[PDB]
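See below for the structure under consideration.
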Amino acid sequence: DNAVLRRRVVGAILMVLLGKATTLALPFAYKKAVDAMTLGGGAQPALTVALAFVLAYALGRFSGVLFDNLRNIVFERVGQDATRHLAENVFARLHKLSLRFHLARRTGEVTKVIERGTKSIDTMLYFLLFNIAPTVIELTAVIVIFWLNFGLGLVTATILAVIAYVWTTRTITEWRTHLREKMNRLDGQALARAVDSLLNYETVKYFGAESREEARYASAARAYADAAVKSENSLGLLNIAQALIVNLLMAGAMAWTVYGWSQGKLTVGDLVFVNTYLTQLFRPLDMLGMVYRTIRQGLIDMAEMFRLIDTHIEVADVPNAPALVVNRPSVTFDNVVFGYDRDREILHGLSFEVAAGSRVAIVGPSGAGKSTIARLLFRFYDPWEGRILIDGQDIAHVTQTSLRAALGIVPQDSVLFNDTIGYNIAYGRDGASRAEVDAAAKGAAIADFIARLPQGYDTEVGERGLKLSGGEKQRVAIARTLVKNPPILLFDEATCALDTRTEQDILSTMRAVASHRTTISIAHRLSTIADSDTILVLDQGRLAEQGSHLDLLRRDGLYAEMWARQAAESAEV
Amino acid sequence: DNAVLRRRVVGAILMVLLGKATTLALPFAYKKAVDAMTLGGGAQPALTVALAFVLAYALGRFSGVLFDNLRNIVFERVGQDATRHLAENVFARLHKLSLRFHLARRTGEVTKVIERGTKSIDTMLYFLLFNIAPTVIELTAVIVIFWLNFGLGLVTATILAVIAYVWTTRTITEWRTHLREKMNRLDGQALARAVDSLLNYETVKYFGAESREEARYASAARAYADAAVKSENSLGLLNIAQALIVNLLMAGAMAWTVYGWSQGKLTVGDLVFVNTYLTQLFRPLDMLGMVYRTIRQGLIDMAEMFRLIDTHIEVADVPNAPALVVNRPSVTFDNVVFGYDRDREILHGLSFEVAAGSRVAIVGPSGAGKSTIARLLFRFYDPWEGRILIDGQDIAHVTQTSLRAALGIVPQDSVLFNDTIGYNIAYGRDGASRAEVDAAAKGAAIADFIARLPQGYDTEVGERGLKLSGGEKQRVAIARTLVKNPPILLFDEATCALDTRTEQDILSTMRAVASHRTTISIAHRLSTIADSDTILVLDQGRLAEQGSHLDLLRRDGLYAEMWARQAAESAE
Ligand SMILES: Nc1ncnc2c1ncn2[C@@H]1O[C@H](COP(=O)(O)OP(=O)(O)OP(=O)(O)O)[C@@H](O)[C@H]1O
Ligand SMILES: Nc1ncnc2c1ncn2[C@@H]1O[C@H](COP(=O)(O)OP(=O)(O)OP(=O)(O)O)[C@@H](O)[C@H]1O
């Protein structure tokens with residue numbers, strides 16, 4: 001499909017084909033030895049035979065290694081391009097996976113699987129292109145030559161020996177696959193435990209549990225080491241068996257050649273021809289058994305890695321899915337029944353209406369499942385029963401991209417890229433201008449703060465934005481979501497980490513930006529949302545109350561009681 | 001350390017010597033062939049030489065492969081144990097590093113460096129132990145036997161050839177180290193970018209920026225691919241140069257021997273002997289080249305890892321540091337000046353007293369440095385000026401372990417292990433019993449909730465505990481700190497994501513058991529902490545006000561102002 005890559009692969013194949021010329025170099029030494037022993041010296045060609053033998057041998061070895069390295073240097077571009085394309089596809093498809101995977105994944109084992117599969121595919125492609133075909137050509141050439149100069153019984157013996165070789169290799173590989181899989185699993189578990197400890201370094205320091213993490217990693221490492229010892233011992237046993245088979249076959253061949261006659265067909269040269277061809281045959285078959293085991297391992301690793309990527313995507317677009325068109329940002333929950341796992345149901349027929357352009361609050365006790373409303377509105381999961389509508393359009397029947405582009409959310413636990421503040425803020429919109437970033441930072445009340453910083457927008461935030469304060473991180477999230485500027489805006493506990501001045505500023509910003517935008521604010525402090533158009537009270541995953549602040553307060557229900565418990569702080573300390 | 005591996009390693013060395021014996025066994029079989037050319041054949045006496053040829057050659061090759069695999073099978077345990085010990089030490093020292101490193105690290109590149117070093121130490125140890133010594137033995141044996149059997153010229157030529165080989169290898173390695181380092185840096189950067197995107201999957205989905213992350217990772221990957229192509233091309237050039245040198249040396253060695261006489265310069269069998277020795281001499285040098293370059297690369301990589309593992313730990317114990325003795329859990333900040341970076345200072349002479357057993361709140365605007373008080377109280381950093389005292393004892397002069405064991409913290413951003421709820425709760429104390437876990441879950445108001453769960457304590461929380469609710473996660477952190485049961489307890493905005501009922505229940509359950517325990521609560525909502533014994537107001541890193549809620553409200557200071565802004569009723 002690529003003319004450059006085609007040409008490169010053709011050149012590489014020519015390079016391996018030159019291996020056949022290298023194999024043809026040995027019969028030159030055969031002929032020279034035959035001449036030297038048939039004339040016994042005293043003739044003219046002896047000086048010629050010596051010079052030709054030394055020159056041909058040295059140049060043949062040098063040309064073999066030179067062609068191997070030229071093949072490597074010419075194929076390195078194609079190999080690295082294949083690795084890059086595989087890595088890009090794996091990354092892209094890894095970002096397409098469902099949220100349940102990322103929420104319950106273990107970084108160490110998935111990283112081990114990804115790297116092992118990528119390296120196995122690289123090695124497998126390399127060996128498939130550069131080992132399979134030349135070894136077949138060499139086997140056919142050996143068969144033909146052995147048929148012309150060794151008869152038929154010897155070629156049948158060699159075929160029976162390679163058949164026994166294949167049978168023993170298959171049996172030992174079937175025995176060793178279990179140990180290999182156990183080793184890989186233990187390695188993955190060890191790396192996952194180590195990565196989890198590194199992610200919880202702060203917790204370990206808080207609880208002084210360095211020794212416990214070290215001990216658990218040491219236990220995992222000892223398990224992996226024992227499994228690896230077992231696997232490599234089985235590999236050594238396989239190699240010893242294969243070498244025994246090949247060496248006894250070679251011994252039989254040499255025995256037949258010498259037993260034919262003390263002088264043989266040719267006194268000097270027959271032994272040398274046989275030994276050279278048998279070296280050129282034992283060197284590749286001893287590695288060919290390993291190459292069969294390597295193809296097996298690469299197949300099981302491709303099957304392993306591919307069994308993880310693109311295998312379980314919870315949310316997928318329906319065929320010919322149209323794009324979402326939001327003319328009126330209205331939200332409808334129609335008898336939505338949903339639970340994260342079928343073991344525990346979270347939402348039991350939740351139904352409500354959020355009018356277009358209104359500011360609606362969602363309150364309730366902990367565990368009520370408001371973040372469930374936020375995640376289902378974003379189509380991270382699909383509800384068991386009922387449906388979600390935006391402008392009267394089913395969320396499940398519209399493309400994910402348009403739906404998620406019509407929604408902006410300031411989540412409860414926000415994560416920032418390991419980059420500058422300006423990058424994180426401009427991440428809200430592709431190619432955001434500095435004027436939009438400045439306007440959003442003014443709206444998110446970090447303008448003066450960024451001005452007081454030495455690097456300004458170029459201030460580093462570190463990994464996950466932990467080099468900033470909580471309020472600064474929350475304001476950065478608000479700023480990026482304002483950069484996005486979607487028609488529907490969902491604040492999941494936005495004003496938790498904010499001080500009083502920032503709290504009032506962000507609240508006024510939310511009230512001012514609610515002009516033609518629907519606003520859904522999940523808050524634990526009722527006073528911050530008492531001015532909302534409607535307040536939805538959740539309890540155990542059900543809509544207990546709905547209405548204005550005065551309406552829910554007059555009903556003397558759950559919202560009123562909650563408002564009488566929070567207001568107890570100011571009335572009487 | 002006693003005979004654990006000694007016998008085993010001795011066996012490995014024995015195997016290596018047996019390999020030399022095999023290498024010495026082959027020329028003898030050739031010597032017999034020389035005899036077969038001096039006796040002119042025979043009816044029966046030729047058969048002996050034939051049988052000797054077949055037996056010696058076949059058994060020599062089979063025994064070589066068998067001894068190699070036996071050496072591997074006996075040394076695999078030692079190799080895996082060495083790799084395991086190095087990995088354990090690397091992990092331990094990685095946990096010993098300062099918090100400034102972990103806060104500003106990049107996971108992908110550090111993980112890549114660690115894994116590269118882990119594989120490199122194994123490969124390097126194998127090649128060093130099984131190539132360096134046998135190649136030296138073979139070179140010395142070839143030198144002595146040759147010197148005995150040809151004179152001086154060819155040994156002078158061989159030593160000059162090895163000197164030129166070493167010089168060319170050194171030059172090409174010095175030229176290729178730059179490309180290798182650039183390739184490694186690009187690989188680390190690409191992996192770091194990919195890991196950051198995987199950590200921010202949720203942000204990417206929130207803003208639909210999959211294409212941008214894919215494009216940036218593709219750019220990093222193509223850069224790494226170009227660097228790797230250059231490095232491997234230079235490697236191929238080095239290999240062809242080395243092979244040319246060795247093959248020309250072999251060719252010259254054969255040419256000198258043949259020029260003496262057609263059958264033999266000194267002895268007739270010396271030419272076949274020489275060519276066999278040249279094969280047995282090229283077999284180890286083809287490994288010696290890659291072993292030289294691999295030892296160089298492994299040393300420079302492990303030094304690079306250790307130059308990142310041996311980075312200076314900001315917080316270290318003073319020599320002969322005593323243990324902390326907390327009889328009255330009081331906290332004192334004495335003119336503490338500290339900033340994270342010298343370009344921006346955070347705390348400017350902060351001084352305050354938190355009495356033993358009192359309930360103290362820490363409030364103020366953003367940037368006032370309350371999380372700095374929490375991080376410095378735990379000695380994550382050391383202050384520029386001033387000091388911190390616990391029960392009148394300097395934090396800087398006590399062991400880190402006792403200090404951190406005397407303090408429990410529910411941080412603002414809590415992280416949970418990717419494990420069950422019971423594991424996370426019992427993590428508060430080493431070997432926590434089930435009764436203690438139950439008592440803490442009851443105190444943290446998650447007992448009944450866990451009872452309502454299908455798996456109960458065995459419910460998975462996922463990575464960082466994101467499979468739980470915010471309030472559930474905060475209460476799990478509270479449960480861990482209650483399991484630890486320290487005399488000083490610091491809540492950095494702990495009860496924000498809790499509803500009022502659960503918050504009040506937990507706080508009252510604490511207050512009942514809050515006897516002789518210091519409580520330090522950092523809160524942004526003042527009304528939740530108006531019942532504290534004392535309230536410390538911070539501004540620009542200084543203690544502006546201190547006192548009760550009624551006192552600070554009557555004083556009409558900063559606390560009153562902050563309390564009058566939240567009290568603004570926006571309800572219609
Ligand atoms: N990925 C998940 N897997 C399993 N259960 C989940 C997952 N996400 C949420 N839940 C469950 O759904 C319920 C709702 O929790 P959620 O994260 O919605 O917090 P909330 O109740 O909305 O508010 P708060 O943070 O105050 O508790 C909880 O019981 C929680 O255990
Ligand atoms: N790890 C860090 N590295 C560098 N600078 C930091 C770090 N953490 C915070 N800062 C900066 O220094 C100031 C120190 O305040 P810190 O975040 O420690 O607590 P705080 O000011 O009480 O937070 P809040 O904003 O919740 O009041 C912060 O406002 C922030 O600008």
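Naming works like this for the structure tokens: A, B, ... for the chains as they're shown, residue 1 at the start of each chain, ligands 1 onward in shown order.
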Pick out the residues sitting within 8 Å of stretch 382-388 of chain B, and hand them over as a ChimeraX atom specification; count only C-alpha atoms, and ignore anything fewer than 3 positions along from it in its own chain. /B:314-315,331-339,349,376-377,379,394-396
Expected selection as an NGL selection string for ligand 2 within 9 Å, only C-alpha atoms and all ligand atoms: (:A and (449 or 453 or 460-462 or 465-473 or 497-499)) or (:B and (99-100 or 103-104 or 339-341 or 344-347 or 362-375 or 412 or 492-493 or 522-524 or 538 or 540-541))
Dump as a short mmCIF file (atom, residue, chain, number, x, y, z; two decimals), in the first residue's frame, selection limited to N, CA and C atoms:
```
data_model
loop_
_atom_site.label_atom_id
_atom_site.label_comp_id
_atom_site.auth_asym_id
_atom_site.auth_seq_id
_atom_site.Cartn_x
_atom_site.Cartn_y
_atom_site.Cartn_z
N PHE A 449 -5.05 36.39 40.77
CA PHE A 449 -4.14 35.38 41.29
C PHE A 449 -3.06 35.03 40.28
N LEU A 453 1.30 35.78 40.14
CA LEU A 453 2.26 34.69 40.04
C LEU A 453 3.47 35.10 39.20
N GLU A 460 3.63 26.03 36.54
CA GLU A 460 3.46 24.59 36.51
C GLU A 460 2.51 24.14 37.61
N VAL A 461 1.65 23.17 37.29
CA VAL A 461 0.71 22.62 38.26
C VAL A 461 1.09 21.22 38.73
N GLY A 462 2.09 20.59 38.12
CA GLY A 462 2.47 19.26 38.53
C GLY A 462 1.48 18.21 38.09
N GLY A 465 -2.41 18.42 39.02
CA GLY A 465 -2.64 19.73 39.59
C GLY A 465 -2.59 19.79 41.10
N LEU A 466 -1.72 18.99 41.72
CA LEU A 466 -1.59 18.98 43.17
C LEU A 466 -0.64 20.05 43.69
N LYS A 467 0.06 20.76 42.81
CA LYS A 467 0.93 21.86 43.21
C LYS A 467 0.17 23.16 43.40
N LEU A 468 -1.15 23.14 43.26
CA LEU A 468 -2.01 24.29 43.50
C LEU A 468 -2.88 24.03 44.72
N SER A 469 -3.55 25.08 45.18
CA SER A 469 -4.51 24.92 46.26
C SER A 469 -5.81 24.31 45.72
N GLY A 470 -6.63 23.81 46.64
CA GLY A 470 -7.91 23.25 46.25
C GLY A 470 -8.80 24.26 45.56
N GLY A 471 -8.90 25.46 46.13
CA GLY A 471 -9.70 26.51 45.52
C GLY A 471 -9.17 26.92 44.16
N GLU A 472 -7.84 26.99 44.01
CA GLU A 472 -7.26 27.31 42.72
C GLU A 472 -7.59 26.25 41.68
N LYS A 473 -7.52 24.97 42.06
CA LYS A 473 -7.87 23.90 41.14
C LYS A 473 -9.34 23.97 40.74
N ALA A 497 -14.23 23.98 47.82
CA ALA A 497 -12.90 24.42 48.21
C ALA A 497 -12.68 25.91 48.06
N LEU A 498 -13.74 26.70 47.88
CA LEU A 498 -13.60 28.13 47.69
C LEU A 498 -13.79 28.88 49.00
N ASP A 499 -13.01 29.95 49.17
CA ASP A 499 -13.19 30.88 50.27
C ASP A 499 -14.42 31.75 50.03
N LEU B 99 8.55 14.64 49.02
CA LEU B 99 7.23 14.86 48.44
C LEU B 99 7.29 15.80 47.24
N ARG B 100 8.27 16.71 47.21
CA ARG B 100 8.40 17.63 46.09
C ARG B 100 8.62 16.88 44.78
N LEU B 103 5.23 15.16 43.77
CA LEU B 103 4.23 16.13 43.36
C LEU B 103 4.52 16.68 41.96
N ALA B 104 5.79 16.72 41.56
CA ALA B 104 6.19 17.28 40.28
C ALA B 104 6.83 16.24 39.36
N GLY B 339 8.49 28.76 52.02
CA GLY B 339 7.87 28.82 50.70
C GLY B 339 8.25 27.59 49.90
N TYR B 340 7.33 27.16 49.05
CA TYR B 340 7.59 25.99 48.22
C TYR B 340 8.74 26.24 47.25
N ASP B 341 8.75 27.40 46.60
CA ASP B 341 9.82 27.80 45.70
C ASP B 341 10.37 29.14 46.14
N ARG B 344 8.57 32.40 45.11
CA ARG B 344 7.31 32.80 45.73
C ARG B 344 7.26 32.25 47.15
N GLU B 345 7.24 33.15 48.12
CA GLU B 345 7.18 32.79 49.53
C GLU B 345 5.74 32.77 50.02
N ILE B 346 5.40 31.76 50.81
CA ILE B 346 4.02 31.53 51.25
C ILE B 346 3.82 31.98 52.70
N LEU B 347 4.64 31.49 53.62
CA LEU B 347 4.49 31.81 55.04
C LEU B 347 5.54 32.82 55.47
N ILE B 362 -8.85 26.36 61.52
CA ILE B 362 -7.93 27.20 60.76
C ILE B 362 -8.68 27.71 59.54
N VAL B 363 -8.93 29.02 59.50
CA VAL B 363 -9.70 29.63 58.42
C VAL B 363 -8.88 30.77 57.81
N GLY B 364 -9.34 31.22 56.65
CA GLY B 364 -8.69 32.30 55.95
C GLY B 364 -8.94 32.25 54.46
N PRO B 365 -8.55 33.30 53.75
CA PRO B 365 -8.68 33.31 52.29
C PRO B 365 -7.73 32.32 51.64
N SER B 366 -7.89 32.17 50.33
CA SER B 366 -7.00 31.28 49.58
C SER B 366 -5.59 31.85 49.56
N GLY B 367 -4.61 30.96 49.63
CA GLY B 367 -3.22 31.36 49.74
C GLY B 367 -2.75 31.67 51.14
N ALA B 368 -3.63 31.56 52.14
CA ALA B 368 -3.22 31.85 53.51
C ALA B 368 -2.26 30.80 54.06
N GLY B 369 -2.21 29.62 53.45
CA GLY B 369 -1.24 28.61 53.83
C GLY B 369 -1.68 27.69 54.95
N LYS B 370 -2.93 27.21 54.89
CA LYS B 370 -3.38 26.23 55.88
C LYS B 370 -2.93 24.82 55.51
N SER B 371 -3.03 24.47 54.23
CA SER B 371 -2.45 23.22 53.76
C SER B 371 -0.94 23.22 53.95
N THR B 372 -0.31 24.41 53.95
CA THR B 372 1.11 24.48 54.32
C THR B 372 1.31 24.12 55.78
N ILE B 373 0.41 24.57 56.66
CA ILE B 373 0.49 24.18 58.06
C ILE B 373 0.36 22.67 58.20
N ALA B 374 -0.51 22.06 57.39
CA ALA B 374 -0.71 20.62 57.46
C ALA B 374 0.50 19.87 56.92
N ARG B 375 1.11 20.37 55.84
CA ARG B 375 2.24 19.68 55.23
C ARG B 375 3.50 19.84 56.07
N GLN B 412 -7.47 16.92 52.18
CA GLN B 412 -8.50 17.49 51.33
C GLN B 412 -8.80 16.58 50.15
N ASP B 492 -8.38 18.35 56.96
CA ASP B 492 -8.27 19.41 55.96
C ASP B 492 -9.49 19.33 55.06
N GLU B 493 -10.53 20.10 55.41
CA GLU B 493 -11.79 20.12 54.68
C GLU B 493 -12.34 18.71 54.52
N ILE B 522 -9.32 22.44 59.33
CA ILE B 522 -9.23 23.48 58.32
C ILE B 522 -10.53 23.50 57.53
N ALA B 523 -11.24 24.62 57.59
CA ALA B 523 -12.55 24.72 56.96
C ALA B 523 -12.69 26.05 56.25
N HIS B 524 -13.36 26.02 55.09
CA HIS B 524 -13.70 27.24 54.36
C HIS B 524 -15.07 27.78 54.75
N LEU B 538 -5.84 33.10 59.16
CA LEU B 538 -4.59 33.30 58.45
C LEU B 538 -4.80 34.26 57.29
N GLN B 540 -2.18 35.99 54.19
CA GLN B 540 -0.87 36.18 53.57
C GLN B 540 0.24 35.50 54.38
N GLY B 541 -0.10 34.39 55.03
CA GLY B 541 0.87 33.64 55.79
C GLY B 541 1.13 34.14 57.19
#
```
Residues within 9 Å of ligand 1 (only C-alpha atoms and all ligand atoms), as an NGL selection string? (:A and (99-101 or 103-104 or 339-341 or 344-347 or 363-375 or 412 or 492-493 or 522-524 or 538-541)) or (:B and (449 or 453 or 459-462 or 466-474 or 496-499))
Could you pull the residues within 7 Å of stretch 334-338 of chain A, counting only C-alpha atoms, minus those fewer than 2 positions along the same chain, as a PyMOL selection string? chain A and resi 332+340+345-352+383-388
Store the residues picked out above, limited to N, CA and C atoms, as a short mmCIF file (atom, residue, chain, number, x, y, z; two decimals), in the first residue's frame.
```
data_model
loop_
_atom_site.label_atom_id
_atom_site.label_comp_id
_atom_site.auth_asym_id
_atom_site.auth_seq_id
_atom_site.Cartn_x
_atom_site.Cartn_y
_atom_site.Cartn_z
N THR A 332 -34.83 15.84 30.44
CA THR A 332 -35.95 15.00 30.84
C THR A 332 -35.43 13.65 31.29
N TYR A 340 -25.11 0.91 38.81
CA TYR A 340 -23.77 0.71 38.26
C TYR A 340 -23.49 -0.77 38.03
N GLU A 345 -28.92 -1.89 42.87
CA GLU A 345 -29.64 -0.89 42.07
C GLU A 345 -29.57 0.46 42.76
N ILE A 346 -29.30 1.50 41.98
CA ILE A 346 -29.06 2.84 42.52
C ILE A 346 -30.29 3.72 42.31
N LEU A 347 -30.73 3.85 41.07
CA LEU A 347 -31.85 4.72 40.71
C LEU A 347 -33.08 3.86 40.44
N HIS A 348 -34.19 4.21 41.09
CA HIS A 348 -35.43 3.44 41.00
C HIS A 348 -36.50 4.33 40.37
N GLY A 349 -36.56 4.34 39.04
CA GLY A 349 -37.59 5.09 38.34
C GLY A 349 -37.52 6.58 38.60
N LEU A 350 -36.37 7.18 38.31
CA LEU A 350 -36.18 8.61 38.51
C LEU A 350 -36.70 9.36 37.29
N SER A 351 -37.61 10.30 37.51
CA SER A 351 -38.22 11.07 36.44
C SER A 351 -38.36 12.51 36.87
N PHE A 352 -37.85 13.44 36.06
CA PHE A 352 -37.99 14.86 36.36
C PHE A 352 -37.80 15.67 35.09
N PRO A 383 -28.97 3.63 31.06
CA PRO A 383 -29.92 3.23 32.11
C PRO A 383 -30.56 1.89 31.80
N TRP A 384 -30.91 1.16 32.86
CA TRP A 384 -31.59 -0.11 32.70
C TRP A 384 -32.98 0.09 32.10
N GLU A 385 -33.74 1.03 32.65
CA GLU A 385 -35.08 1.34 32.18
C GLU A 385 -35.22 2.86 32.10
N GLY A 386 -36.27 3.31 31.41
CA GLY A 386 -36.46 4.73 31.22
C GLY A 386 -35.43 5.29 30.25
N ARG A 387 -35.45 6.61 30.10
CA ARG A 387 -34.52 7.23 29.17
C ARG A 387 -34.26 8.68 29.57
N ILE A 388 -33.24 9.26 28.93
CA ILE A 388 -32.86 10.64 29.14
C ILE A 388 -33.04 11.39 27.83
#
```
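Nearest to chain A of all the residues B:463, B:115, B:561, B:419 is B:463, counting only C-alpha atoms.
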Between atom CA of residue B:37 and atom CA of residue B:155, what is the distance in Å, rounded to a tenth?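 Between these atoms lies a distance of 28.2 Å.
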Give me, as a ChimeraX atom specification, all polymer residues having an atom no more than 8 Å from residue B:355, counting only C-alpha atoms and skipping those fewer than 4 positions away in the same chain. /B:329-331,518
Would you write out those residues with N, CA, C and O atoms, as a PDB file, in the first residue's frame?
```
ATOM      1  N   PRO B 329      -0.627  16.912  73.912  1.00  0.00           N
ATOM      2  CA  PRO B 329      -0.558  17.166  72.466  1.00  0.00           C
ATOM      3  C   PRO B 329      -0.836  18.612  72.087  1.00  0.00           C
ATOM      4  O   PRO B 329      -1.946  18.957  71.669  1.00  0.00           O
ATOM      5  N   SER B 330       0.179  19.462  72.212  1.00  0.00           N
ATOM      6  CA  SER B 330       0.094  20.866  71.850  1.00  0.00           C
ATOM      7  C   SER B 330       0.982  21.131  70.642  1.00  0.00           C
ATOM      8  O   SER B 330       2.034  20.508  70.479  1.00  0.00           O
ATOM      9  N   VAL B 331       0.547  22.054  69.788  1.00  0.00           N
ATOM     10  CA  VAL B 331       1.240  22.357  68.540  1.00  0.00           C
ATOM     11  C   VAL B 331       1.645  23.825  68.557  1.00  0.00           C
ATOM     12  O   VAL B 331       0.809  24.700  68.801  1.00  0.00           O
ATOM     13  N   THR B 518      -5.977  16.411  70.505  1.00  0.00           N
ATOM     14  CA  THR B 518      -5.967  17.683  69.794  1.00  0.00           C
ATOM     15  C   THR B 518      -6.637  17.542  68.433  1.00  0.00           C
ATOM     16  O   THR B 518      -6.354  16.600  67.686  1.00  0.00           O
TER      17      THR B 518
END
```
Could you pull the residues within 12 Å of stretch 288-292 of chain B, counting only C-alpha atoms, minus those fewer than 4 positions along the same chain, as a PyMOL selection string? chain B and resi 120+123-136+138-139+162+165-166+168-170+172-173+235-236+238-243+245-246+281-284+296-299
